């Protein structure tokens, strides 16, 4: 229930994004880690960014939420950093990840965005 999660996310969704990665990890361009993720956002374009809800110090990803209205990119939350690590192709975890080129998920990446724009309100 952290304080840097600015809204609830459904059983699905949180599951939908998680796979949105796996089809960009091959077909598209992806970057993992909170730094490369942060870069990708100020780098002005990464199409969607993903933030685990289990993180501690819970502030190491706290900047992405403000940063993303700044650069005006959508963000979403998966529940587990580890699920997201193996999702992004790494044996360790990921506090967050950014989608650079959607690849196959282009459509999927797209739809997920608009579901987010409602409940950020």
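Definition used throughout: the rigid core is the maximal C-alpha set that superposes within 1.5 Å between two forms. Positions refer to the first chain, counted from 1.
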| property | result |
| --- | --- |
| Segment of greater CA departure in 7 other deposited structures of this protein, 81-89 or 42-50, core superposed | 42-50 |
| Segment of higher mean CA temperature factor, 23-31 or 54-62 | 23-31 |
| Assigned third (lowest, middle, highest) for the C-alpha B factor of residue 98 | lowest |
| Residue 91 by Cα B-factor - lowest, middle or highest third of the modelled chain | highest |
